[PDB]
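As they're listed, the protein sequences go chains A and B.
If you count by the entry's author numbering, then the first sequence holds residues 2 to 286, one letter each, in order.
If you count by the entry's author numbering, then the second sequence holds residues 2 to 295, one letter each, in order.
We put the beta carbon where it would ideally sit given N, CA and C, even for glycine.
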Amino acid sequence: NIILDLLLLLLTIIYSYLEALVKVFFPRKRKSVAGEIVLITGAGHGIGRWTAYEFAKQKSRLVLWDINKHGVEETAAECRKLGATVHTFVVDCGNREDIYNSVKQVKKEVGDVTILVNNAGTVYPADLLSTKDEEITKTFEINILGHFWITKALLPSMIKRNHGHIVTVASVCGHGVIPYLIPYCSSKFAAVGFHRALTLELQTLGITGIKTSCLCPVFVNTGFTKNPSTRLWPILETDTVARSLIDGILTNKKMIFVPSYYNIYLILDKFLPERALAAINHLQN
Amino acid sequence: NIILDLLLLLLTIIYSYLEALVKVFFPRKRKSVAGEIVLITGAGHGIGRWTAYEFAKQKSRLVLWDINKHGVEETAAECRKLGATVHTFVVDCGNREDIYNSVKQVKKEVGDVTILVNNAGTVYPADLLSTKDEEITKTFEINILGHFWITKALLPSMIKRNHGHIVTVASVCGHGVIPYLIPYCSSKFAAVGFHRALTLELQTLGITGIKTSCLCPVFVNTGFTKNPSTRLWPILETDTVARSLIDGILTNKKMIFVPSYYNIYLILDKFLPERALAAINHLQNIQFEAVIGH
Ligand SMILES: NC(=O)c1ccc[n+]([C@@H]2O[C@H](COP(=O)([O-])OP(=O)(O)OC[C@H]3O[C@@H](n4cnc5c(N)ncnc54)[C@H](O)[C@@H]3O)[C@@H](O)[C@H]2O)c1
Ligand SMILES: NC(=O)c1ccc[n+]([C@@H]2O[C@H](COP(=O)([O-])OP(=O)(O)OC[C@H]3O[C@@H](n4cnc5c(N)ncnc54)[C@H](O)[C@@H]3O)[C@@H](O)[C@H]2O)c1
Ligand SMILES: O=C(NC[C@]1(O)CC[C@H](COc2ccccc2F)CC1)c1ccc(O)c(F)c1
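Next comes the structure, spelled out in C-alpha cells:
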C-alpha cells in the first residue's frame, strides 16, 4: 500500500496544479450578487455561517435561518459588521408548516429571495442496527425533504422574474459512501439527485435565468461529526469551504467538490471492478 | 443528429456482443435459492409479480407483500401453480408500524426471511411546482424510508446466520435524471445510496454472507408510468426485467442495469462536455404523461 499512497499524492498534486493553471489561462466570468436577497439555512454555525460572511462581503441582503437562535444572532452581528443588512428567523428547516409560515414572513419583511442556499443538515453516526428510527426520519426531513419545501415556496418568484440561484449543500456522501452513515449517505444521494433533476427540469422548461449549484465537500472541521483518521482526504477548514462555495456560485459552477480534486476518486470508482476498491479504502482507515 | 445516432448505435451493438462474449469466456457462478424464504414487496403487479414467478420456478418459499390484496393473491395463485409454497400479507410498505407488526407475523407463520426484495414503489409525474407535498412525502416513504424499516427488521437474523441477500429495486433514475420526476429521481438516488452504503458497511463489519443487489431498469411496460417513449432505450417487457433480476441475484451481481448496456450512457455522462448532453437529450426524446403546468 506504500506505492498506491504515493501515486495518489502525485495525482492529487497534478490535478491541484493543473486546475490553478486553467484558472489563469481560461478564467471563468464572475457575476455580481450585490443587492440579491440570499436565504441561508443552518446559518448559525459552520458552512452556513461562513457562507453568510462571504455573501456579506459580496454586498448581498441576507436572510439567515436556523433552529439555534443564539447562533444565528452571532452570525448576523458579524455580517452587520461586514456592512450587510441581515434578517434572522428561527425556523425548523425539516418542518413543512414552519417553513411555509416563515416564507410568508420573509415576503412581508424582506421581499422575494433570489438566492437560496439549502445548507441545514443533520447526522447521527451509527451502524444501521444501532440507529433510531426517529433519527433516520430527522435525517431525511432536514437533509432533503426541507429542500423540497423551501424550493417550492421560493421558486415561483424566481420563475416569474427569470432570475435565481438554487444552491444545494450535499456532501461527497452524495456521490460515494462511508460506513456508519447509511441514512446520511442515502439523504445526501437524494440531495444530489434533487439538484440534478431540478437543473434538467429548468432547462427542459426553457427557464434560462435560474442557476443551480451543488456543494459536495469531504469532512470539514465544524463539529458536525467526530474527527476521523482520513489520510487521503483533507480535514478542511470552514472558511475554505465557504470560499469555494462563493467562488462556485459567482461562476455558475453546477457541481462544486471541496477539494476540487475529489472528482478523480469519483472517476476511479466508475472504472474499478472490484478488488482495487478495498485497497484505497484501507489507505484512509 | 444523424451522425451522433450511428455513433450511439455502434456503442450499443458492441457492448451487447462483448457482454455475451464475456458470459462464455468468464461465466459467473449461479447459486441455488431453493428453500430460501424470499420476501417480495409490491408483489401484486409488474416487476414484483414476475420476480415472484422467477423465485417460484427457483423453488423458494415466498412471502408476498402489497397494499392490493386482490393483486397479491392473484400473483400467489400463479406461484402455487408453479409448485411454490406462498404466504401473502397486506402491508403498507411506506408505514413503519405496519411493517414491524407484519414482520412479527412473518416470523410466527413462515420463519426468518433470507432474501429481501424491496420492490414496492410509487411515482407522481409532474413539474416541481405542480407536485403535491403529500405525493413528495409518499414517494420517499415508500421508495426509500420503507427500505430502511424492512431492512432493519430482517437484517438481525441474516447477520446472526451470516446468510442473506438484500435486493433494492431502484431505477436508472437513481443514476441519471428525467424532468417531471424530481421527487422520484431524488428518492431513487437515495435507494442507490442506501444500497451502496449498506454494501460497504457489511464489508467493514466483516459480514461476508449477506449479499446486496440493486436493480436499475429504464422504462418498463407495467402501467407504472403512462405512455413511456424512448428513441434510444427500449420499452422493456416485465418478464425480461424479472429475468434480468433473477440472473443478477443468482450471480451476486451488485448493480443490475436493464438493459445492461445502459452503463455506457452513464460513463458518457461523467465525460460530458456540456454541449454534447443536449444533443443526445433531443435524440432520446423521452415522453410520458406528466403534470406540466396543468
Ligand atoms: N461538517 C462536515 O464535515 C460536512 C461534510 C460535507 C457536508 N456537510 C454538510 O454541510 C451542511 C452544514 O454542516 P456544518 O458542518 O456546517 O454543520 P454545523 O454543525 O457546523 O452547523 C449546522 C447548522 O445547521 C443547523 N440546523 C440543524 N438542523 C436544523 C433544522 N432543523 N433547521 C434549521 N437549521 C438546522 C444547526 O443548528 C447548525 O447551526 C450540512 O448539510 C452537512 O450535511 C458537512
Ligand atoms: N415501471 C417502470 O417503468 C419502472 C422503471 C424502473 C424502476 N421501477 C421501479 O420498479 C418497482 C416496481 O414498479 P412496477 O413498474 O412493477 O409497478 P406496478 O405499478 O406494476 O406495481 C407496483 C406494485 O407496488 C405496490 N405498492 C405500491 N405502494 C405500496 C405500498 N405502500 N405498500 C405495498 N405495496 C405497494 C402496488 O400495489 C403494485 O402492486 C418500483 O420501485 C418502481 O419505482 C419501475
Ligand atoms: O468524515 C466524516 N465523518 C467521519 C466520522 O465521524 C468518523 C469515521 C466514521 C467511519 O468509520 C470508519 C470507516 C471505515 C472503516 C472504519 C471506520 F471506523 C464516519 C463518521 C464525514 C461526515 C460527513 C460528511 O458529509 C462527510 F463527507 C464525511
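TODO: In the DSSP assignment, find the alpha helix (DSSP H) that holds residue 184 of chain B and state where it starts and stops.
DONE: Walking along the second sequence from the start, residue 184 of chain B turns up at place 183. From DSSP, the alpha helix (DSSP H) with residue 184 of chain B extends over 183 to 205.
Task: Among A:271, A:142 and A:75, the one whose alpha carbon lies nearest that of residue 98 of chain A - done: Counted from its first residue, the first sequence places residue 98 of chain A at position 97. Residue A:142 holds the alpha-carbon nearest to the alpha-carbon of residue 98 of chain A among A:271, A:142 and A:75.
Task: residue 204 of chain B versus residue 271 of chain A - alpha carbon distance - done: Position 203 of the second sequence, counted from the start, is the residue given in the question as residue 204 of chain B. Position 270 of the first sequence, counted from the start, is the residue given in the question as residue 271 of chain A. Rounded to the nearest whole angstrom, the CA to CA distance from residue 204 of chain B to residue 271 of chain A is 19 Å.
Task: First through last residue of the alpha helix (DSSP H) which encompasses residue 217 of chain B - done: Start at 1 with the first residue of the second sequence, and residue 217 of chain B comes out as number 216. Residue 217 of chain B -> not in any alpha helix (DSSP H); beta strand (DSSP E) instead, spanning 211 to 218.
- [ ] Give the interface partners of residue 188 of chain A over in chain B, defined as CB-CB distance under 7 Å, in chain order.
- [x] Here residue 188 of chain A refers to the residue found at position 187 when the first sequence is read from its first residue. Identification of chain B residues near residue 188 of chain A by a Cβ-Cβ cut-off of 7 Å yields 191, ordered along the chain.
- [ ] Please specify which runs of the beta strand (DSSP E), each continuous and at least 3 residues long, are wholly inside the stretch 4 to 72 of chain B, giving them in chain order.
- [x] Runs of the beta strand (DSSP E) inside the stretch 4 to 72 of chain B: 38 to 42 and 62 to 67.
Task: Touch test, the stretch 27 to 43 of chain A against the stretch 238 to 252 of chain A, Cβ-Cβ under 8 Å, three pairs minimum - done: Short answer: they touch.
Task: chain A contacts from the stretch 110 to 135 of chain B (Cβ-Cβ distance under 9 Å) - done: With the criterion set as a beta carbon lying under 9 Å from some beta carbon of chain A, the members of the stretch 110 to 135 of chain B are 128, 129, 130, 132 and 134, in sequence order.
TODO: Look up residue 89 of chain B in the DSSP assignment and say whether it is helix, strand or coil.
DONE: The residue labelled residue 89 of chain B in the question sits at position 88 within the second sequence. Per DSSP, reduced to three states, the secondary structure at residue 89 of chain B is strand.
Task: Three-pair Cβ contact test at 8 Å for the stretch 69 to 86 of chain B versus the stretch 125 to 141 of chain B - done: The stretch 69 to 86 of chain B vs the stretch 125 to 141 of chain B: no contact.
TODO: May I have the straight-line CA-CA distance separating residue 135 of chain A from residue 174 of chain A, to the nearest angstrom?
DONE: Translated into positions along the first sequence, residue 135 of chain A becomes position 134. Translated into positions along the first sequence, residue 174 of chain A becomes position 173. In this structure, the alpha-carbon of residue 135 of chain A lies about 21 Å from that of residue 174 of chain A.
- [ ] Could you tell me the distance, in whole angstroms, from the CA atom of residue 285 of chain B to the CA atom of residue 56 of chain A?
- [x] Numbered from its first residue, the second sequence carries residue 285 of chain B at position 284. Numbered from its first residue, the first sequence carries residue 56 of chain A at position 55. Spanning the alpha carbons of residue 285 of chain B and residue 56 of chain A requires a straight line of approximately 40 Å.
Open item on the list: Taking 8 Å as the cut-off, does the stretch 186 to 195 of chain B touch the stretch 189 to 209 of chain A (at least 3 CB pairs, one atom from each stretch)?
Closed with: Contact between the stretch 189 to 209 of chain A and the stretch 186 to 195 of chain B is present, because at least three Cβ pairs lie under 8 Å.
Open item on the list: What does the alpha-carbon distance come out to for the pair residue 101 of chain B and residue 167 of chain B?
Closed with: In the second sequence, counting from the first residue as 1, residue 101 of chain B sits at position 100. In the second sequence, counting from the first residue as 1, residue 167 of chain B sits at position 166. If you draw a straight line from the Cα of residue 101 of chain B to the Cα of residue 167 of chain B, it comes to about 17 Å.
Open item on the list: Here's the rule I'm using: 16 or more other beta-carbon atoms within 10 Å means buried, otherwise exposed. How should residue 22 of chain B be labelled?
Closed with: Walking along the second sequence from the start, residue 22 of chain B turns up at place 21. Burial state of residue 22 of chain B is exposed, judged by a 10 Å Cβ sphere holding fewer than 16 other Cβ atoms.
Task: C-alpha distance - residue 229 of chain A paired with residue 262 of chain A, whole-angstrom precision - done: By 1-based counting over the first sequence, the position of residue 229 of chain A is 228. By 1-based counting over the first sequence, the position of residue 262 of chain A is 261. Whole-angstrom Cα-Cα distance: 20 Å.
- [ ] Alpha carbon to alpha carbon, how far is residue 29 of chain B from residue 207 of chain A? Give it in angstroms, no decimals.
- [x] Reading the first sequence from its first residue, position 206 is the one you call residue 207 of chain A. Reading the second sequence from its first residue, position 28 is the one you call residue 29 of chain B. Going by the C-alpha atoms only, they are around 47 Å apart.
Open item on the list: Any heavy atom of ligand 2 closer than 7 Å to the beta-carbon of residue 141 of chain A?
Closed with: If you number the first sequence from 1, residue 141 of chain A lands on position 140. Residue 141 of chain A: no, Cβ never under 7 Å from ligand 2.
TODO: Quick one: measure Cβ to Cβ for residue 1 of chain B and residue 169 of chain B, integer angstroms, because I've assumed they're closer than 8 Å.
DONE: The structure shown does not extend to residue 1 of chain B, since chain B spans only 2 to 295, so no value can be given for it.
- [ ] Could you please give me the residues that DSSP links to residue 155 of chain B through a beta bridge?
- [x] In the second sequence, the residue the question calls residue 155 of chain B occupies position 154. Its beta-bridge partners do not exist; DSSP assigns none.
Open item on the list: To the nearest angstrom, how far is the alpha carbon of residue 221 of chain A from that of residue 96 of chain A?
Closed with: Residue numbering aside, residue 221 of chain A sits at position 220 when the first sequence is read from its first letter. Residue numbering aside, residue 96 of chain A sits at position 95 when the first sequence is read from its first letter. Rounded to whole angstroms, residue 221 of chain A to residue 96 of chain A spans 26 Å at the Cα level.
Open item on the list: I want to check one thing, is the minimum distance from the CB of residue 188 of chain A to the heavy atoms of ligand 3 below 7 Å?
Closed with: Within the first sequence, numbered from 1, the residue matching residue 188 of chain A stands at position 187. Result no, Cβ not under 7 Å from ligand 3.
- [ ] Quick one: residues in its chain with C-beta nearer than 6 Å to the C-beta of residue 116 of chain A, no 5 flanking neighbours on either side, listed in chain order?
- [x] By one-based count along the first sequence, residue 116 of chain A stands at place 115. If we look at residue 116 of chain A and ignore the five residues flanking it on each side, its Cβ neighbours are 37, 39 and 166.
Open item on the list: Taking a contact to mean a Cβ-Cβ separation below 8 Å, would you say residue 237 of chain A touches residue 171 of chain A in this structure?
Closed with: Within the first sequence, residue 237 of chain A is the residue found at index 236, counting from 1. Within the first sequence, residue 171 of chain A is the residue found at index 170, counting from 1. No.
Task: For residue 277 of chain A and residue 197 of chain B, the rounded distance between their alpha carbons - done: For this step, residue 197 of chain B is matched to residue 196 along the second sequence. For this step, residue 277 of chain A is matched to residue 276 along the first sequence. Whole-angstrom Cα-Cα distance: 16 Å.
Open item on the list: By the three-class DSSP mapping on this structure, what secondary structure does residue 258 of chain B have?
Closed with: Sequence index remark: in the second sequence, residue 258 of chain B carries index 257 (1-based). Strand.
Open item on the list: Let me see if you follow: with CB-CB separation under 8 Å, is residue 36 of chain B close to chain A or not?
Closed with: Counting from one through the second sequence, the residue named residue 36 of chain B turns up at place 35. Cβ-Cβ to chain A under 8 Å: no for residue 36 of chain B.
Task: Selection from A:199, A:185, A:14 and A:61 that minimises the alpha carbon distance to residue 177 of chain B - done: Sequence index remark: in the second sequence, residue 177 of chain B carries index 176 (1-based). Among A:199, A:185, A:14 and A:61, the Cα nearest to that of residue 177 of chain B belongs to A:199.
Task: Cβ neighbour criterion (16 or more within 10 Å) applied to residue 27 of chain A - done: Translated into the one-based positions of the first sequence, residue 27 of chain A becomes position 26. Around the beta carbon of residue 27 of chain A, a 10 Å sphere encloses fewer than 16 other beta carbons of the protein chains shown; the residue is thus reported as exposed.
Task: Delimiting residues of the beta strand (DSSP E) encompassing residue 140 of chain A - done: As a working note, residue 140 of chain A is residue 139 in the first sequence. Counting along the chain, residue 140 of chain A falls outside any beta strand (DSSP E), though it belongs to the alpha helix (DSSP H) covering 134 to 141.
Task: Cβ neighbour criterion (16 or more within 10 Å) applied to residue 283 of chain B - done: On the second sequence, residue 283 of chain B is found 282 positions in, with the first residue counted as 1. Counting other Cβ atoms within 10 Å of its Cβ, residue 283 of chain B stays below 16 and is therefore classed as exposed.
TODO: Give me the Cβ distance between residue 54 of chain B and residue 243 of chain B, rounded to the nearest whole Å; I'm assuming they're in contact under 8 Å.
DONE: The residue you call residue 54 of chain B lines up with position 53 of the second sequence. The residue you call residue 243 of chain B lines up with position 242 of the second sequence. Right, their Cβ atoms sit about 7 Å apart.
Task: Contacting positions in the stretch 204 to 225 of chain A - beta carbon closer than 9 Å to chain B - done: Close to chain B, meaning a Cβ-Cβ distance shorter than 9 Å, are the following residues of the stretch 204 to 225 of chain A: 204, 205 and 206.
Open item on the list: 8 Å is my cut-off, CB to CB: does residue 19 of chain B come that close to chain A?
Closed with: Walking along the second sequence from the start, residue 19 of chain B turns up at place 18. No, residue 19 of chain B does not count as interfacial toward chain A.
- [ ] Examine chain B for any beta-carbon lying closer than 8 Å to the beta-carbon of residue 183 of chain A, and answer yes or no.
- [x] Here residue 183 of chain A refers to the residue found at position 182 when the first sequence is read from its first residue. By this cut-off, residue 183 of chain A is an interface position.
TODO: Take every Cβ of the stretch 79 to 95 of chain B, pair it with every Cβ of the stretch 106 to 113 of chain B, and state whether three or more of those distances are shorter than 8 Å.
DONE: Three or more pairs of CB atoms, one per stretch, sit closer than 8 Å, so the stretch 79 to 95 of chain B contacts the stretch 106 to 113 of chain B.
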